[PDB]
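Input: a single structure, listed below in structure tokens.
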Amino acid sequence: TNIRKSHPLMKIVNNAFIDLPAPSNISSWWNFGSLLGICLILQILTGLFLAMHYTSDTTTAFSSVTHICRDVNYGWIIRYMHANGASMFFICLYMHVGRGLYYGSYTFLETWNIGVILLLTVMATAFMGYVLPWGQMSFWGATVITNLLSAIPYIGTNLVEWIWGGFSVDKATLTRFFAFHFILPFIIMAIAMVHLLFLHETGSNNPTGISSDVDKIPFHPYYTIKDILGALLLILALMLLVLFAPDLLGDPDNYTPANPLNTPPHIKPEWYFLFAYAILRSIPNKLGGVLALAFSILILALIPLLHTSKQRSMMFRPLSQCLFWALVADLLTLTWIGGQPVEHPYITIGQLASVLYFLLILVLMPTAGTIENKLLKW
Amino acid sequence: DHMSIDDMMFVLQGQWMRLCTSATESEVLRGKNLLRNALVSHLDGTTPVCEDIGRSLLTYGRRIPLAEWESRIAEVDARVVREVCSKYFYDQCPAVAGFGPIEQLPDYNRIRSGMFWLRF
Amino acid sequence: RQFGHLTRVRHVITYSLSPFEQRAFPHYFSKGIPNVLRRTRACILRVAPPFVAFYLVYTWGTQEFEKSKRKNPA
Amino acid sequence: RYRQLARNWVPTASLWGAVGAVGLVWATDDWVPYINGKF
Amino acid sequence: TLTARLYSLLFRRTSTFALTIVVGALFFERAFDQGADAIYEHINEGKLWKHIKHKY
Amino acid sequence: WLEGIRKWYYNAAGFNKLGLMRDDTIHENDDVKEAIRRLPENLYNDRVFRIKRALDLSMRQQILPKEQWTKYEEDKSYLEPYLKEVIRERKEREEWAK
Amino acid sequence: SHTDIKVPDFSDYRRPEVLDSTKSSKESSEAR
Amino acid sequence: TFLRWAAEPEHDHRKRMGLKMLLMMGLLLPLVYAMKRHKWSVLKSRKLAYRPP
Ligand SMILES: CCCCCCCCCCCCCCCCCC(=O)OC[C@H](COP(=O)([O-])OCC(O)COP(=O)([O-])OC[C@@H](COC(=O)CCCCCCCCCCCCCCCCC)OC(=O)CCCCCCCCCCCCCCCCC)OC(=O)CCCCCCCCCCCCCCCCC
Ligand SMILES: CCCCC/C=C/C/C=C/CCCCCCCC(=O)O[C@H](COC(=O)CCCCCCCCCCCCCCC)COP(=O)(O)OCC[N+](C)(C)C
Ligand SMILES: CCCCCCCC/C=C/CCCCCCCC(=O)O[C@H](COC(=O)CCCCCCCCCCC)COP(=O)(O)OCCN
Ligand SMILES: CCCCCCCC/C=C/CCCCCCCC(=O)O[C@H](COC(=O)CCCCCCCCCCC)COP(=O)(O)OCCN
Ligand SMILES: CCCCCCCC/C=C\CCCCCCCC(=O)O[C@H](COC(=O)CCCCCCCCCCC)COP(=O)(O)OCCN
Ligand code: HEM
Ligand code: HEM
Ligand SMILES: CCCCCCCCCCCCO[C@@H]1O[C@H](CO)[C@@H](O[C@H]2O[C@H](CO)[C@@H](O)[C@H](O)[C@H]2O)[C@H](O)[C@H]1O
Ligand SMILES: CC1=NC2=C(COCC2)C(=O)[C@@H]1c1ccc(Oc2ccc(OC(F)(F)F)cc2)cc1
């Protein structure tokens, strides 16, 4: 009969992206999945090009990057794209996770935990990529952060030294981070394949939170056009940065070569890790700060069990909605705090923001679910 | 069957498309012969013929001799079938009605994209 | 599961129109502006409050950092 | 009643706990004689 | 209408719709480049090397 | 009173604005699946419709006229009886298996 | 009877070229 | 001025592209948006009718 439905390869693509029954009513918040895919492809291409020109020796590395920006043809636009690209990826990631929380998409457990892993994996990737230029921030950032694994009792010191491949972040660390940074996106692609595979078992959630089988529509052309529109908007955004403001989201110390003898005035990681930096910095004790940092991320994995509401989505849950936006604003605050030096009043703002964060996820929004239930006579 | 609606629609539109773009001489000869037989054999006995007279005068304002019909059919060829079918079918918007377990009945947009071919 | 056995629905009539029979932007501002206002009034008391508080904690704490870096007469 | 009248995985998970202990200790490399007892 | 003239002439046959688009992209590339360029180089009168190079 | 708050909350929740009843919004676990499955033709098709309606409105970012909103007083728990019994049954099989 | 289904009024969404219920829409088909 | 150029030789080229990107997006964003509305018009317009016996 029809090739799109039969052929072993075309069937999959058809089932996945053409004839897939999508809900009628998914919002712009469902754009982010496709956009994340784009982010991922974007990084791989721009990445691949950069890697045809870059070197991972301590001595050559900083200059090889600037060489891309001065002497390689269009090397500049490629490089700034891959860097703003990384920001756009984390925006897409945090938007995507947002939708998960608000609309109760995390009920799709397998899909969700894969997703947590995607997040961790992209985090590792971007952490190691930022080291690759070998700027002041790159170097001192990578040093402080990797050192946290020293706080692991018994094995900490040994473990951090084995990661490094020596006694500090040095030649061997950079060369291995280059390697890891290259192969990780590949593994992200597969995990993402799987991420989708599980999603395709249930089909999508929607903003009502109510099953939508009585009103599905073929993906193509409704959602083909709509994803494209979204991708345009992503490109609009990406290029606004690259072409008007390429350095807006970065730190200038990363234009100053890495120098093991002179520590920068304020050490920060990239903005997309600032909320977690600020949680870590709130705890006096170093292993405490480590376990808090890890929990600020891994808690994502627990949120499924903390669901109390009889309704899936927050659409009809006013009290929960307020708390959700509280969490969002708190994360904006945690980010602000994490970009700030450890002084009054920020030390105390940070401590509070850190408390608020865990308080919301583990106690307040569970409760609210339940209060709402009673307000509805169930 | 509740599960064949899409497949059915696809093959059917494919037929319209094929006739618009690529109808063969031979199959047109066949279509001619079908319609020839249809017209002759329908007008058989007093009632069908009485109706033909009656309706014809209302619709064409006269009765059309069988021999006239035949010379208009003889006119039709591959090119004519292609050309005419394109006028009415190729890249035009259909009207659609379904009743029953029509859960699988192609979305209107998909139906409309089926009224042309990217290859032509 | 694909279109054909998603679910069981009885007695529902869907009427619609070709895109080529219709305007892309029916009454875009005359209906749309009011609708957007309606949409915003609906959510702002849930969404805006936190961001107000952010702006305030950020205003205050930025200026508390200002003050503490100055000298005071003593 | 009938779970608790399970708890038949307690002696099997005892033997699996020794597999976990002895397994981590083999993969990682004193008071076991001969093996490593004589470095 | 103009659009009618265009539809029947260019867009009905899909082979033709394609031929239209490649040819039009050609003239659009040249036109858009030339015009935007002139827009930039008037916004930045005097400041570009190509404006001052006559001096050396 | 308690009921004063509950009524305010109902209007805040806002599912009523899409012409849904409370029971339409319950998240479908296995128990709920089954309760739906035991619904009589009248009650089932009605639900099918209310949701078609709401979903189509969700798409448009629209609501109904106030005249058409589901009234706090008129919202019957159509599902509870079916569901209370599905759950009674489950609890029974649990009990038994210990 | 089913004969008392009448199709709702689409006036609001129609292209202006197709508003006239007493004119062929085929005049405007090439345009549209 | 020289120190800016030294740090970012691309300053002028980038700004030229910025202009061309803004222009193309001015075209493409309403265009594709229009395409979206067209396809979706089928759905936006649709009227629902429940008709049990
Ligand atoms: C006191 C003085 C000091 C002030 C401080 C105190 C603060 C007080 C005020 C309170 C402020 C906080 C509260 C937030 C606002 C209030 C609530 C509100 O937003 O109500 C909306 C409310 C939401 O509707 P709903 O139906 O309830 O729910 C929405 C649905 O879930 C889904 O809706 P849909 O499916 O119909 O899709 C449409 C939707 C789509 O929504 C989404 O997808 C969300 C995000 C995408 C935006 C929309 C798509 C356009 C693409 C944007 C990016 C492209 C490049 C442009 C440059 C980016 C700008 C930096 O668009 C929107 O809803 C627009 C809202 C986007 C807000 C983004 C927040 C800004 C970030 C700032 C971070 C802070 C740090 C600053 C640093 C600067 C940067 C380096 O409804 C409406 O307003 C109607 C929605 C339709 C849009 C109307 C027309 C707007 C045009 C949209 C495109 C442009 C948007 C702007 C994006 C970026 C601007 C910076
Ligand atoms: C030539 C060498 C290139 C090698 C790589 C392969 C590329 C493929 C094509 C390249 C050349 C450009 C010609 C484009 C062909 C025409 C498209 C087409 O034929 O099909 C359109 C799909 O494109 C749409 O939507 C388009 C809207 C979305 C935007 C996507 C456009 C793709 C741009 C092409 C990229 C060029 C690559 C340059 C690299 C150096 C269909 O749209 P409609 O359903 O409304 O039409 C209905 C059919 N009617 C009008 C004939 C009745
Ligand atoms: C380790 C991960 C940590 C946890 C993850 C936290 C996620 C970070 C947050 C990013 C934003 C996520 C978006 C959440 C989903 C959006 C829900 C939503 O749109 O709610 C709107 C109000 O919209 C609006 O008012 C839309 C305005 C959008 C506000 C911009 C967000 C600010 C970014 C802050 C960055 C740090 C009401 O919509 P509904 O209830 O669907 O009702 C629609 C109308 N009937
Ligand atoms: C497999 C093919 C992939 C192609 C992807 C298709 C892109 C679809 C969307 C396009 C967005 C429209 C806006 C683009 C503006 C282009 C304007 C322009 O000509 O700018 C380019 C640079 O722009 C630019 O370089 C801007 C381009 C922005 C596109 C980025 C998104 C894709 C990421 C690529 C990463 C690997 C060069 O201008 P000039 O140097 O003056 O050259 C003169 C003309 N040759
Ligand atoms: C130790 C340090 C502390 C500092 C923390 C800073 C960060 C967060 C701060 C503040 C967020 C407060 C949000 C409260 C606003 C809620 C009340 C309100 O304005 O809107 C209610 C929503 O109802 C409802 O939602 C009912 C009211 C229930 C709201 C619960 C409040 C809890 C918020 C979290 C506080 C951390 C009414 O609005 P709608 O129902 O939308 O209808 C509008 C027309 N009446
Ligand atoms: C999730 C995908 C990826 C992310 C998030 C990512 C992130 C990053 C980040 C943040 C940087 C530092 C950018 C800077 O400020 O200079 C970077 C640099 C780099 N990345 Fe990636 N990257 C990804 C994929 C890839 C891939 C697949 C490759 C190569 C195959 C690659 C090659 C490079 C190279 C060579 C650099 C050094 C040049 C530079 O600094 O711009 N990246 N990456
Ligand atoms: C590389 C990163 C990721 C990619 C490429 C990706 C890809 C996608 C895609 C294509 C979809 C379907 C479209 C959509 O509904 O937005 C999707 C849905 C989903 N993803 Fe992700 N995702 C990523 C990360 C994550 C993360 C970090 C989480 C959670 C922590 C997550 C959880 C989900 C969930 C729950 C859905 C279903 C949403 C729904 O149907 O309502 N994903 N993802
Ligand atoms: C309000 C009382 C009246 C007199 C003081 C008026 C000044 C304004 C109030 C804050 C006083 C500053 O005194 C205090 O200093 C310490 C040290 O940096 C900071 O506080 C912090 O101290 C250490 C920082 O390493 C943390 O262990 C502790 O958990 C945290 O509270 C705050 O900034 C402030 O709580
Ligand atoms: C499948 C899918 N289901 C749903 C929605 C929306 O909700 C409904 C379900 C979607 O938006 C999507 C989707 C996802 C990706 C995409 O475009 C790609 C494809 C591949 C790609 O590279 C990669 F490495 F990932 F393979 C990068 C982008 C288009 C569409």
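Residue numbers start at 1 in each chain; chains themselves are named A, B, ... in the order of the structure tokens; ligands are numbered from 1 in the order shown.
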**OP:** Taking only C-alpha atoms into account, report as a count of residues only which residues of chain H lie within 9 Å of chain C.
**Re:** 20
How close does each residue of region 8-54 of chain E get to region 5-13 of chain H, giving the shortest atom pair and distance in Å to one decimal for every residue with an atom at most 12 Å away, counting only C-alpha atoms, sorted by chain and residue number, as JSON lines?
```
{"residue": "E:37", "atom": "CA", "partner": "H:13", "partner_atom": "CA", "distance": 11.0}
{"residue": "E:40", "atom": "CA", "partner": "H:12", "partner_atom": "CA", "distance": 10.0}
{"residue": "E:41", "atom": "CA", "partner": "H:12", "partner_atom": "CA", "distance": 10.6}
{"residue": "E:44", "atom": "CA", "partner": "H:12", "partner_atom": "CA", "distance": 9.9}
{"residue": "E:47", "atom": "CA", "partner": "H:12", "partner_atom": "CA", "distance": 10.2}
{"residue": "E:48", "atom": "CA", "partner": "H:12", "partner_atom": "CA", "distance": 8.8}
{"residue": "E:49", "atom": "CA", "partner": "H:12", "partner_atom": "CA", "distance": 10.8}
```
Since we have the selection now, will you write its residues out, keeping N, CA, C and O atoms, as a PDB file, in the first residue's frame?
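Result saved to selection39.pdb:
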```pdb
ATOM      1  N   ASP E  37      23.289  46.010   2.625  1.00  0.00           N
ATOM      2  CA  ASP E  37      24.661  46.482   2.641  1.00  0.00           C
ATOM      3  C   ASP E  37      24.692  48.002   2.593  1.00  0.00           C
ATOM      4  O   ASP E  37      25.369  48.644   3.403  1.00  0.00           O
ATOM      5  N   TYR E  40      23.569  49.514   5.796  1.00  0.00           N
ATOM      6  CA  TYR E  40      24.567  49.498   6.850  1.00  0.00           C
ATOM      7  C   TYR E  40      25.622  50.567   6.595  1.00  0.00           C
ATOM      8  O   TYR E  40      26.053  51.247   7.524  1.00  0.00           O
ATOM      9  N   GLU E  41      26.017  50.705   5.327  1.00  0.00           N
ATOM     10  CA  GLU E  41      27.154  51.536   4.970  1.00  0.00           C
ATOM     11  C   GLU E  41      26.734  53.005   4.888  1.00  0.00           C
ATOM     12  O   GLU E  41      27.576  53.877   4.668  1.00  0.00           O
ATOM     13  N   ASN E  44      26.668  53.851   8.713  1.00  0.00           N
ATOM     14  CA  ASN E  44      28.038  53.943   9.190  1.00  0.00           C
ATOM     15  C   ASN E  44      28.897  54.720   8.199  1.00  0.00           C
ATOM     16  O   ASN E  44      30.045  54.357   7.958  1.00  0.00           O
ATOM     17  N   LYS E  47      33.053  55.818   8.477  1.00  0.00           N
ATOM     18  CA  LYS E  47      33.740  55.062   9.515  1.00  0.00           C
ATOM     19  C   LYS E  47      34.387  53.777   8.990  1.00  0.00           C
ATOM     20  O   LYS E  47      35.219  53.194   9.688  1.00  0.00           O
ATOM     21  N   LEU E  48      33.991  53.330   7.787  1.00  0.00           N
ATOM     22  CA  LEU E  48      34.488  52.090   7.211  1.00  0.00           C
ATOM     23  C   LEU E  48      35.757  52.354   6.408  1.00  0.00           C
ATOM     24  O   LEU E  48      35.904  53.411   5.800  1.00  0.00           O
ATOM     25  N   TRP E  49      36.644  51.350   6.382  1.00  0.00           N
ATOM     26  CA  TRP E  49      37.861  51.412   5.589  1.00  0.00           C
ATOM     27  C   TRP E  49      37.521  51.761   4.140  1.00  0.00           C
ATOM     28  O   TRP E  49      38.204  52.571   3.518  1.00  0.00           O
TER      29      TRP E  49
END
```
**OP:** Using only C-alpha atoms and all ligand atoms, find each protein or nucleic acid residue lying at most 7 Å from ligand 6; present the set as a PyMOL selection string.
**Re:** chain A and resi 40+43-45+47-48+50-51+54+65+79-80+82-83+86+89+122+125-127+129-133+181-183+185
Subject >> 6 Å shell around ligand 3 using only C-alpha atoms and all ligand atoms, listed as an NGL selection string >> reply: (:A and (94-95 or 97-99 or 102 or 207 or 297 or 314-315 or 328 or 331-332)) or (:C and (43 or 47)) or (:F and (61))
**OP:** Tell me, as a PyMOL selection string, which residues lie within 7 Å of region 4-11 of chain F, counting only C-alpha atoms; anything in the same chain fewer than 2 positions away does not count.
**Re:** (chain A and resi 375-376) or (chain F and resi 1-2+13-14+72)
Subject >> Nearby residues, ligand 1, 6 Å, only C-alpha atoms and all ligand atoms, as a list in words >> reply: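 Listed by chain and ascending number, the contacts are residues 27, 28, 29, 233, 236 and 237 of chain A; 36, 39, 40, 43, 44, 47, 48, 51, 52 and 55 of chain C; 61 of chain F.
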Original post:
Quick one: residues within 8 Å of ligand 8, with only C-alpha atoms and all ligand atoms, as an MDAnalysis selection string?
Top reply: chainID A and resid 282 284 343:348 351
Original post:
Counting only C-alpha atoms, which residues from chain G have an atom at most 8 Å from any atom of chain C, and could you show them as an NGL selection string?
Top reply: :G and (7-8 or 12-15 or 18 or 32)
**OP:** Using only C-alpha atoms and all ligand atoms, find each residue with an atom at most 7 Å away from ligand 7 and format the answer as JSON, numbers by chain.
**Re:** {"A": [29, 30, 31, 32, 33, 34, 36, 37, 40, 93, 96, 97, 100, 103, 105, 106, 108, 111, 112, 113, 115, 116, 117, 118, 119, 122, 188, 192, 195, 196, 199, 203, 204, 205, 206, 300]}
Go ahead and save the residues from that selection, with C-alpha atoms, as a PDB file, in the first residue's frame.
```pdb
ATOM      1  CA  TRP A  29       5.618  24.955  26.689  1.00  0.00           C
ATOM      2  CA  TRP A  30       5.715  21.692  24.702  1.00  0.00           C
ATOM      3  CA  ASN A  31       8.032  23.336  22.163  1.00  0.00           C
ATOM      4  CA  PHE A  32      11.024  22.833  24.374  1.00  0.00           C
ATOM      5  CA  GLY A  33      11.607  19.131  23.645  1.00  0.00           C
ATOM      6  CA  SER A  34      12.141  19.726  19.931  1.00  0.00           C
ATOM      7  CA  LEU A  36      16.406  20.781  23.061  1.00  0.00           C
ATOM      8  CA  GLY A  37      16.999  18.405  20.157  1.00  0.00           C
ATOM      9  CA  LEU A  40      21.932  19.245  20.798  1.00  0.00           C
ATOM     10  CA  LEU A  93      16.344  22.587  29.654  1.00  0.00           C
ATOM     11  CA  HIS A  96      11.328  21.982  29.799  1.00  0.00           C
ATOM     12  CA  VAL A  97      11.728  20.898  33.420  1.00  0.00           C
ATOM     13  CA  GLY A 100       7.268  18.890  33.727  1.00  0.00           C
ATOM     14  CA  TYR A 103       1.732  20.115  34.443  1.00  0.00           C
ATOM     15  CA  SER A 105       4.293  15.392  33.249  1.00  0.00           C
ATOM     16  CA  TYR A 106       6.628  13.635  35.754  1.00  0.00           C
ATOM     17  CA  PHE A 108       5.508   9.472  33.195  1.00  0.00           C
ATOM     18  CA  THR A 111      10.422   9.245  30.591  1.00  0.00           C
ATOM     19  CA  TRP A 112      11.069  11.532  33.596  1.00  0.00           C
ATOM     20  CA  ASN A 113      14.038   9.752  35.169  1.00  0.00           C
ATOM     21  CA  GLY A 115      15.208  13.129  31.631  1.00  0.00           C
ATOM     22  CA  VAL A 116      16.925  13.710  34.967  1.00  0.00           C
ATOM     23  CA  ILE A 117      19.867  11.751  33.507  1.00  0.00           C
ATOM     24  CA  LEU A 118      19.780  13.816  30.362  1.00  0.00           C
ATOM     25  CA  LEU A 119      20.091  16.909  32.601  1.00  0.00           C
ATOM     26  CA  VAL A 122      24.340  17.876  29.692  1.00  0.00           C
ATOM     27  CA  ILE A 188      23.179  12.279  25.157  1.00  0.00           C
ATOM     28  CA  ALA A 192      17.431  11.118  24.300  1.00  0.00           C
ATOM     29  CA  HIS A 195      13.766   9.365  26.415  1.00  0.00           C
ATOM     30  CA  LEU A 196      11.435   9.565  23.435  1.00  0.00           C
ATOM     31  CA  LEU A 199       7.307   8.915  25.851  1.00  0.00           C
ATOM     32  CA  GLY A 203       1.826   9.859  24.205  1.00  0.00           C
ATOM     33  CA  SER A 204       1.963  13.403  25.539  1.00  0.00           C
ATOM     34  CA  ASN A 205       0.386  15.003  28.582  1.00  0.00           C
ATOM     35  CA  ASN A 206      -1.451  18.307  28.046  1.00  0.00           C
ATOM     36  CA  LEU A 300      14.174  16.048  40.717  1.00  0.00           C
TER      37      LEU A 300
END
```
**OP:** Could the residues that lie within 9 Å of ligand 2, counting only C-alpha atoms and all ligand atoms, be listed as a list in words?
**Re:**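 Here is the list of contacting residues: residues 225 and 228 of chain A; 90, 91, 113, 115, 116, 117, 118, 119 and 120 of chain B; 7, 10, 11, 12, 13, 14, 15, 16, 17, 18, 19, 20, 21, 22 and 25 of chain E; 32 and 35 of chain H.
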Could those selected residues go to a file with N, CA and C atoms, as a tab-separated table (two decimals), in the first residue's frame?
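Saved result, selection.tsv, follows:
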```tsv
chain	number	residue	atom	x	y	z
A	225	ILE	N	4.55	22.51	11.72
A	225	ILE	CA	4.64	23.94	11.50
A	225	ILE	C	5.04	24.62	12.80
A	228	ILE	N	8.68	24.32	13.95
A	228	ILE	CA	9.46	25.19	13.07
A	228	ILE	C	9.37	26.63	13.56
B	90	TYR	N	-7.28	18.38	-9.20
B	90	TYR	CA	-5.90	18.73	-8.87
B	90	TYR	C	-5.83	20.08	-8.15
B	91	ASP	N	-5.34	20.02	-6.91
B	91	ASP	CA	-5.19	21.15	-6.02
B	91	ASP	C	-6.47	21.95	-5.85
B	113	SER	N	-3.92	17.96	1.42
B	113	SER	CA	-2.57	17.83	0.89
B	113	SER	C	-2.51	16.64	-0.05
B	115	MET	N	-4.63	16.16	-2.45
B	115	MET	CA	-5.24	16.65	-3.69
B	115	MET	C	-4.17	17.22	-4.62
B	116	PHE	N	-2.90	17.19	-4.20
B	116	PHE	CA	-1.82	17.43	-5.14
B	116	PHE	C	-0.65	16.49	-4.85
B	117	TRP	N	0.35	16.57	-5.73
B	117	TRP	CA	1.56	15.77	-5.69
B	117	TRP	C	2.76	16.70	-5.83
B	118	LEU	N	3.68	16.62	-4.87
B	118	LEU	CA	4.94	17.35	-4.90
B	118	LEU	C	5.78	17.01	-6.13
B	119	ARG	N	5.61	15.81	-6.70
B	119	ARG	CA	6.47	15.34	-7.78
B	119	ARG	C	6.13	15.97	-9.14
B	120	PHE	N	4.90	16.50	-9.28
B	120	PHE	CA	4.40	17.01	-10.55
B	120	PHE	C	4.68	18.51	-10.64
E	7	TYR	N	-0.60	32.18	-9.38
E	7	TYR	CA	-0.98	30.82	-9.05
E	7	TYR	C	-0.95	30.00	-10.33
E	10	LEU	N	2.76	30.08	-12.02
E	10	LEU	CA	3.95	29.60	-11.33
E	10	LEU	C	3.69	28.42	-10.39
E	11	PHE	N	2.61	28.48	-9.60
E	11	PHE	CA	2.50	27.71	-8.38
E	11	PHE	C	1.70	26.41	-8.54
E	12	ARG	N	0.96	26.24	-9.63
E	12	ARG	CA	0.06	25.09	-9.71
E	12	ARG	C	0.87	23.80	-9.85
E	13	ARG	N	1.77	23.76	-10.84
E	13	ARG	CA	2.64	22.61	-11.04
E	13	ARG	C	3.73	22.66	-9.97
E	14	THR	N	4.05	21.53	-9.36
E	14	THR	CA	4.95	21.60	-8.23
E	14	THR	C	6.40	21.72	-8.70
E	15	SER	N	6.68	21.16	-9.88
E	15	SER	CA	7.94	21.36	-10.59
E	15	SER	C	8.22	22.84	-10.84
E	16	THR	N	7.17	23.59	-11.20
E	16	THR	CA	7.19	25.02	-11.49
E	16	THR	C	7.31	25.83	-10.20
E	17	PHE	N	6.70	25.32	-9.13
E	17	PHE	CA	6.68	26.06	-7.89
E	17	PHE	C	8.11	26.09	-7.39
E	18	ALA	N	8.82	24.99	-7.64
E	18	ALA	CA	10.21	24.82	-7.23
E	18	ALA	C	11.10	25.72	-8.08
E	19	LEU	N	10.87	25.70	-9.39
E	19	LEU	CA	11.68	26.46	-10.32
E	19	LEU	C	11.58	27.94	-9.97
E	20	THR	N	10.37	28.37	-9.56
E	20	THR	CA	10.09	29.73	-9.12
E	20	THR	C	11.00	30.09	-7.96
E	21	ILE	N	11.16	29.14	-7.05
E	21	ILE	CA	11.65	29.46	-5.73
E	21	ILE	C	13.17	29.58	-5.80
E	22	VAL	N	13.79	28.70	-6.58
E	22	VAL	CA	15.23	28.74	-6.79
E	22	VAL	C	15.63	30.03	-7.53
E	25	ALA	N	15.03	33.09	-5.27
E	25	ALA	CA	16.02	33.14	-4.20
E	25	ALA	C	17.29	33.77	-4.74
H	32	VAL	N	6.05	32.64	8.61
H	32	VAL	CA	5.88	31.29	9.13
H	32	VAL	C	4.70	31.30	10.10
H	35	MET	N	1.75	30.92	8.11
H	35	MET	CA	1.63	29.54	7.69
H	35	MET	C	0.99	28.72	8.80
```
**OP:** For chain H, work out the contacting residues on chain A at 9 Å, counting only C-alpha atoms, and write them as JSON, numbers by chain.
**Re:** {"A": [24, 69, 70, 76, 77, 221, 222, 225, 226, 228, 229, 232, 233, 236, 239, 240, 242, 243, 244]}
Original post:
Hey, what's within 12 Å of residue 268 (chain A) if we count only C-alpha atoms and toss same-chain stuff fewer than 4 positions away? As a VMD selection string, please?
Top reply: chain A and resid 127 130 136 to 145 250 to 254 263 to 264 272 to 278 281 335 to 342
**OP:** May I ask you to extract the residues of chain E within 9 Å of chain G, using only C-alpha atoms, and to give them as JSON, numbers by chain?
**Re:** {"E": [1, 2, 3, 4, 5, 6, 7, 8]}
Original post:
Any idea what the distance is between atom 15 (C, counted along the ligand's line) of ligand 9 and CA of residue 56 (chain F)?
Top reply: 24.2 Å
Original post:
as a list in words, which residues of chain G does DSSP assign to helix (DSSP H, G or I)?
Top reply: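 Answer for chain G restricted to helix (DSSP H, G or I) is residues 2, 3, 4, 16, 17 and 18 of chain G.
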**OP:** Set the cut-off to 7 Å, count only C-alpha atoms and all ligand atoms, and list whatever residues fall near ligand 5 as a PyMOL selection string.
**Re:** (chain A and resi 318-319+321-323+326+329-330+352) or (chain C and resi 41-46+49-50+53-54) or (chain F and resi 12)
**OP:** Could you please tell me, as number ranges by chain, which residues of chain F have an atom within 10 Å of chain D when using only C-alpha atoms?
**Re:** F: 95-98
**OP:** Extract, using only C-alpha atoms, all DNA, RNA and protein residues at most 12 Å from residue 69 (chain B), discarding same-chain residues fewer than 3 positions from it, and format them as a list in words.
**Re:**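 Listed by chain and then number, they are residues 32, 35, 36, 37, 38, 39, 40, 63, 64, 65, 66, 72, 73, 74, 75 and 76 of chain B.
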May I have the residues from that selection written out with C-alpha atoms, as a PDB file, in the first residue's frame?
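part.pdb written:
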```pdb
ATOM      1  CA  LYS B  32     -14.988   5.204 -22.702  1.00  0.00           C
ATOM      2  CA  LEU B  35     -19.671   4.702 -20.181  1.00  0.00           C
ATOM      3  CA  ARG B  36     -20.758   3.638 -23.687  1.00  0.00           C
ATOM      4  CA  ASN B  37     -22.197   0.375 -22.313  1.00  0.00           C
ATOM      5  CA  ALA B  38     -23.681   2.187 -19.325  1.00  0.00           C
ATOM      6  CA  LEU B  39     -25.668   4.615 -21.487  1.00  0.00           C
ATOM      7  CA  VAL B  40     -26.895   2.023 -23.967  1.00  0.00           C
ATOM      8  CA  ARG B  63     -33.124  15.048 -25.429  1.00  0.00           C
ATOM      9  CA  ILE B  64     -29.622  14.125 -26.408  1.00  0.00           C
ATOM     10  CA  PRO B  65     -29.504  11.421 -29.128  1.00  0.00           C
ATOM     11  CA  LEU B  66     -27.481   8.327 -28.226  1.00  0.00           C
ATOM     12  CA  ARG B  72     -18.703  13.177 -27.504  1.00  0.00           C
ATOM     13  CA  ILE B  73     -17.249  10.064 -25.804  1.00  0.00           C
ATOM     14  CA  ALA B  74     -15.212   9.272 -28.916  1.00  0.00           C
ATOM     15  CA  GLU B  75     -13.655  12.740 -28.561  1.00  0.00           C
ATOM     16  CA  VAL B  76     -12.173  11.924 -25.136  1.00  0.00           C
TER      17      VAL B  76
END
```
Subject >> Neighbour list for residue 198 (chain A) as a PyMOL selection string, cut-off 8 Å, only C-alpha atoms, skip fewer than 4 positions in-chain >> reply: chain A and resi 110-111+194+202
Original post:
Would you list which chain F residues are within 10 Å of chain C using only C-alpha atoms, as number ranges by chain?
Top reply: F: 12, 14, 41, 44-49, 52, 61-63
